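Heads up, the thing below is written out as structure tokens.
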Amino acid sequence: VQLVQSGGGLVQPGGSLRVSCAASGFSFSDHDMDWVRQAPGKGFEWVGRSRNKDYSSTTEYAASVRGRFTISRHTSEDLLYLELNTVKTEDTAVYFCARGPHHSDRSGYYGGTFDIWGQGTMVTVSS
Amino acid sequence: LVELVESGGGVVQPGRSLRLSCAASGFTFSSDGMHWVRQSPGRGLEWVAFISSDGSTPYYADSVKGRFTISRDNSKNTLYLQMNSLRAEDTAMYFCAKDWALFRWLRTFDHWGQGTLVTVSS
Amino acid sequence: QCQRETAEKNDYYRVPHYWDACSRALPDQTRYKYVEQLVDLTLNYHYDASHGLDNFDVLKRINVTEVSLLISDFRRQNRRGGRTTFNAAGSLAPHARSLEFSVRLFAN
Amino acid sequence: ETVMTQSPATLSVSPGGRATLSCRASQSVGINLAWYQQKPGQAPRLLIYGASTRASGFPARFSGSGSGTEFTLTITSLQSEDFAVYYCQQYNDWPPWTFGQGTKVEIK
Amino acid sequence: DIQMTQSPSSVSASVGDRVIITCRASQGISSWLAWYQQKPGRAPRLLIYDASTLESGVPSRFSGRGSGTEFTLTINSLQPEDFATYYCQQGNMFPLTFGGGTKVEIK
Amino acid sequence: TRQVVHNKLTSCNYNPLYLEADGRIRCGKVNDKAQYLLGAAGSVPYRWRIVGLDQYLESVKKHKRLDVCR
Amino acid sequence: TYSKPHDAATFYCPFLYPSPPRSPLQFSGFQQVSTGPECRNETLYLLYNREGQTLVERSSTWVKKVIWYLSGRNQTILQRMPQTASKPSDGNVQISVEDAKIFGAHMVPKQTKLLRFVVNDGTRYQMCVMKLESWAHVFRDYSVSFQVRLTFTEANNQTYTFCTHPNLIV
């Protein structure tokens, strides 16, 4: 099981940024994938979830980012996307993609804990 | 896939005879009946002959009765049709067709071969 | 609609109909499968009924679990299709639970 | 015993239009009617069987209506791959299986 | 939405020392709590899930207990590898809320 | 029965309860989805030939009994 | 050997006394085979059932009822209605007006059914009844509508039974 990230970097205030991650060693379709962010010197905050290939409403976000961020999947290349459109200054952090519970786990629809994280990508918002 | 390949169709004058053949594959050739349907250029379809699954009972169209003789080999999975004692007919394309029984007495053409062109004229 | 982190402040209290409101949504493939099956079964029965043939064979095939779950899904989120060609809805009262769907098609 | 007649001989429908091609039975045919599609220079292909059931390989655009004596084929959103000649045939009176003169559907 | 109270805020111990770390959730979460370990410069690693299940590959010294609004996670035999940050995560409802992190350093 | 288990916590309004191995029974959460959840259920236990005379005689002389229509 | 439908129908000819009426529900197909002087020009019908056996029957009020029922069973709109239910927002392809009028003729404007069922609620069986109300309309514009209102209730409007609130874990 491995998870490799891409994207990140600098982004002009009110700009956009794409963070993506590719999943190997497991069936990316059969698992839900969440995004978690860490501000410098602060605790972790949950950004959202992408469902495990059986759902039509495929995205969940925290209320602060619910109106600005979009989570998506590739049509067939087993890739996870998290596009931070019109990023704000308080979104500057290191973003990790993580794997959630399996589609046969009852807990995953309504919650869960994680088990694997990627190496992370640093997103810096500045002028 | 189900394939029916017609062969043995040429050009003869009246009184001569032609013998069409149809090579059947994709089915055991024993469960269902075979038929021949002709289509003259720019004219409607005309049924020609039918042979029962066990070749025991053949049927023919009134416009062709007496002349033709249909046959089949349940062991070879092959269909023949001998057009003996011929005449005047404009009907050009002869198509070999596999049928399917919806019910005991409800059967219709299910699959068609590419058909052989037969011209009969002096 | 049900918003968890409102009801669970208490371990000894739950609002009426909380379960059906806060229940897991049906997977798309099971909602579509059950919908197709129920509409077919009921349309076949309606057809028979019209001709005066109260066909019990079609009736016995109705699974109340499928319909009840659809009720949970259409009350959860009503669905449609389109001049909308589909419209379904679920209702839940303390004395009765109901499902009302409508599939319309146009020729003109 | 039953000669099948079809009308019109040619029907001009604009692409994506709807064509209603008629087939009339000289004598009772019940529900024993089949439609065949024949594209130029190719062997016929079973299109519809029973008075309404479409044969595999033909999309839901083709609908078969009729009963007893009048049967009509309806082709909706006629795409480029739908312009061909359609024949109707009765399989109720056996020798001989009679076909109509067919109707050609050409682009308007 | 669910406030996370972690105690102690910062801790120092030596190798072989016992540390116990508590995490409190604002309303009761049955068992949907997990514990993670972040080495400085690294990515987080899951340590315990379902409140009490020790994740494979993690030393067997960990053991989780607690429920409701107070959970606890012991670190019995501090090992030279045990200097890191430990964090609690709530998994009962969305949004997931995390702790402030517990710094375990050598003494 | 559903009444006794509801009476164990009326304020749950027939919603499932959760029994921990400690023994305490609480009101159930839709998201614990465990076996220890009382009053719920996975599935509902609901519960809603022409024979010719010659064929009949032939199919009656064998099984020597009178009623042949099971 | 295989015979032609005329031989099959005339096999039992002539028919002098009435046959037992049967329900259309049992039959799956029909063929009208007309006869001439050989059988007083009578019109026989070969009826096919799901057990693969043919019943030749003389034209009668009930035989006609069977014919009409089987005639309408396989109308296109009845077949494709579920397929239209499966397809979501992009799902609809227009239907013909001939089927709209056939649907009107065949489908009755309204039907109501009460159907009883028993559900196992622990140790007891709870009897409950479903009141189904369905409308089938073909409007003056050849548009077709099928409305269904399925409802579950207790035999005496009792609240919180096991037919109401069956509480399924999904």
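Inter-chain neighbour count for A:44-50: the average number of beta-carbon atoms from partner chains within 10 Å of each residue's beta-carbon is 4. Spatial offset of the range G:59-126 relative to the range D:48-87 amounts to 21 Å, using the alpha carbon center of each. With a threshold of 23 Å on the Cα-Cα distance, the over-threshold entries among D:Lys39/G:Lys101; C:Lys33/G:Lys101; E:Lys39/E:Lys107; G:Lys64/G:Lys113 are D:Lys39/G:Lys101; C:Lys33/G:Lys101; G:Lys64/G:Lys113. Rg over Rh for the protein assembly as shown works out to 1.11, both radii taken from alpha-carbon positions and Rh defined as the Kirkwood radius. What the phi angles of the range G:43-49 give under the Karplus curve with 6.51, -1.76 and 1.60, with θ = phi - 60°, is a coupling list of 9, 9, 10, 9, 9, 9, 10 Hz, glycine and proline written as x. Charged neighbours of D:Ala34, selected by a Cβ distance under 15 Å, balance to +1 (K, R count +1; D, E count -1). With both labels modelled 7 Å from their Cα along Cα-to-Cβ, the G:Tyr12 to D:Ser14 distance reads 5.7 nm.
Quick one: grab the alpha carbon gyration tensor of the range G:1-62, order the square roots of its eigenvalues as a ≥ b ≥ c, and give me rounded if a/c is under 1.5, else prolate or oblate depending on whether a/b is larger than b/c. Oblate shape, in that a/c is at least 1.5 and b/c is the bigger or equal ratio. Other residues lying with their Cβ under 15 Å from the Cβ of F:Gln55 contribute a combined charge of 0, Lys and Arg counting +1, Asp and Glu -1. Taking 4.7 Å between beta carbons as the limit, the unpaired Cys residues of chain F are F:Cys69. A crude spin-label estimate for the pair G:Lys131 and G:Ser59, with each label 7 Å from Cα along the Cβ direction, gives 4.6 nm. Taking the Cβ of G:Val97 as the center, what net charge do the other residues with Cβ under 10 Å away carry, scoring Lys and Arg +1 and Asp and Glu -1? Once all neighbours under 10 Å are counted, the net charge is -1.
Could you tell me the calculated FRET efficiency between F:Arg49 and G:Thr112, based on Cβ-Cβ distance and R0 = 41 angstrom, to the nearest 0.05?
So, using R0 = 41 Å, E works out to roughly 0.80.
Between B:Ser25 and G:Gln158, the distance separating the two model label sites (each 7 Å from Cα on the Cα→Cβ line) works out to 6.9 nm. Largest GNM mean-square fluctuation across A:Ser56, A:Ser107, A:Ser27, computed for chain A with C-alpha springs under 10 Å, falls on A:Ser56.
Read-outs throughout are calculated quantities, based only on the coordinates presented, and are distinct from any laboratory measurement. All Cβ positions, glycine included, derive from the backbone under ideal geometry; neighbour counts span all protein chains shown.
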